[PDB]
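So the structure is just underneath, and the comments pick up after that.
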Amino acid sequence: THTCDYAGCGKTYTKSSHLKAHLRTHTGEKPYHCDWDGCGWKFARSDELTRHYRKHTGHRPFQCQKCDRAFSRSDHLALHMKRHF
DNA sequence: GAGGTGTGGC
DNA sequence: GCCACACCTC
Ligand SMILES: [Zn+2]
Ligand SMILES: [Zn+2]
Ligand SMILES: [Zn+2]
């Protein structure tokens, strides 16, 4: 399958796209750049940039349907939702 | 909550 | 490659 060949790392992935992303941990490549005025943050993964942009926007797409609380990530909500039952 | 990351449908 | 789920660790 898709093995990392950097300095005997050996980590293996199921898709080449996963391997490509993992290789950035060795190269320091960060292709996803925040465009927020004044911010120069960059990230190795698109979804990391999405998390960063929500720091700028305060956007909380995941509203709990049993109380007022909202969250930036679905896993945060899923954990909270357990406390309603 | 936040960061890091393995994953898979499309 | 995009995107978001899901899990671990702090
Ligand atoms: Zn590697
Ligand atoms: Zn930014
Ligand atoms: Zn709630």
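Here, each number is a calculation from the coordinates, and none is a lab measurement. Cβ coordinates were reconstructed from backbone atoms using ideal geometry, including for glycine residues, and neighbour counts include every protein chain displayed.
Could you give me the residue pairs with C-beta distances under 8 Å whose first residue belongs to segment A:58-85 and is outside any loop (DSSP other than H, G, I, E, B), whose second residue is within 16 Å of ligand 1 (Cβ to nearest atom) and among the hydroxyl-bearing types (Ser, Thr, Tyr) wherever it lies, and which are 6+ apart or on separate chains?
Sorted first by the residue in segment A:58-85, then by its partner, the list stays empty.
Give me the residue from segment A:40-66 that is touching a strand residue (DSSP E or B) at 6+ places or on another chain (Cβ under 9 Å) and more than 30 Å from residue A:6 (Cβ to Cβ) and, out of that set, farthest from ligand 2 (Cβ to nearest atom).
Across segment A:40-66, the extreme among qualifying residues is A:64.
Within segment A:35-46, can one find any residue that is within 10 Å of DNA strand B (Cβ to nearest atom), of a type in the set (A, V, I, L, M, F, W, C) and outside any loop (DSSP other than H, G, I, E, B)? Break it down into steps so the answer makes sense when it comes.
Keep residues of segment A:35-46 that are within 10 Å of DNA strand B (Cβ to nearest atom), which gives A:41, A:43-46.
In the following step, the residues that additionally are of a type in the set (A, V, I, L, M, F, W, C) were identified as A:41, A:43-44.
So of that shortlist, the ones also outside any loop (DSSP other than H, G, I, E, B) come out as A:43.
Yes, some residue in segment A:35-46 is within 10 Å of DNA strand B (Cβ to nearest atom), of a type in the set (A, V, I, L, M, F, W, C) and outside any loop (DSSP other than H, G, I, E, B).
Quick check on segment A:44-58. Is at least one of its residues within 16 Å of ligand 1 (Cβ to nearest atom), surrounded by fewer than 14 Cβ atoms within 10 Å (Cβ to Cβ) and basic (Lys, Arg)? Outline the logic, then answer.
Initially, segment A:44-58 is screened for residues within 16 Å of ligand 1 (Cβ to nearest atom), giving A:44-45.
Adding the requirement that they be surrounded by fewer than 14 Cβ atoms within 10 Å (Cβ to Cβ) leaves A:45.
Then drop every residue that is not basic (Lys, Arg), which leaves A:45.
Taking every residue of segment A:44-58 in turn, at least one turns out to be within 16 Å of ligand 1 (Cβ to nearest atom), surrounded by fewer than 14 Cβ atoms within 10 Å (Cβ to Cβ) and basic (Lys, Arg).
Restricting segment A:74-85 to residues that are surrounded by 15 or more Cβ atoms within 10 Å (Cβ to Cβ) and not aliphatic (A, V, I, L, M), which is farthest from residue A:36 (Cα to Cα)? Before you say what the answer is, go through the steps one by one.
Initial filter on segment A:74-85 (surrounded by 15 or more Cβ atoms within 10 Å (Cβ to Cβ)): A:76-77, A:80-81.
This time we only want the ones that are not aliphatic (A, V, I, L, M), so: A:76, A:80.
On the way: A:76: 25, A:80: 30 Å.
Among residues in segment A:74-85 that are surrounded by 15 or more Cβ atoms within 10 Å (Cβ to Cβ) and not aliphatic (A, V, I, L, M), the one farthest from residue A:36 (Cα to Cα) is A:80.
Name the single residue, out of those in segment A:12-35 being within 16 Å of ligand 2 (Cβ to nearest atom) and surrounded by 14 or more Cβ atoms within 10 Å (Cβ to Cβ), that is nearest to residue A:47 (Cα to Cα).
To start, the set of residues in segment A:12-35 that are within 16 Å of ligand 2 (Cβ to nearest atom) comprises A:30-35.
Still in the running and surrounded by 14 or more Cβ atoms within 10 Å (Cβ to Cβ): A:30, A:32, A:34.
Numbers: A:30: 12, A:32: 9, A:34: 12 Å.
If we take residues in segment A:12-35 being within 16 Å of ligand 2 (Cβ to nearest atom) and surrounded by 14 or more Cβ atoms within 10 Å (Cβ to Cβ), then A:32 is nearest to residue A:47 (Cα to Cα).
With A:53, A:6 as the choices, which residue is of a type in the set (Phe, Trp, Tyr) and assigned to a loop (DSSP other than H, G, I, E, B)?
Values: A:53 fails: assigned to a loop (DSSP other than H, G, I, E, B).
A:6 is the lone residue from the list that is of a type in the set (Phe, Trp, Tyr) and assigned to a loop (DSSP other than H, G, I, E, B).
Can you run down the residue pairs with Cβ atoms below 6 Å, 6 or more apart or on separate chains, where the first is in segment A:14-35 and over 19 Å from residue A:50 (Cβ atoms) and the partner is in a strand (DSSP E or B) and within 11 Å of DNA strand B (Cβ to nearest atom)?
Going by the 6 Å Cβ cut-off, the qualifying pairs are A:16/A:2; A:19/A:2; A:19/A:13.
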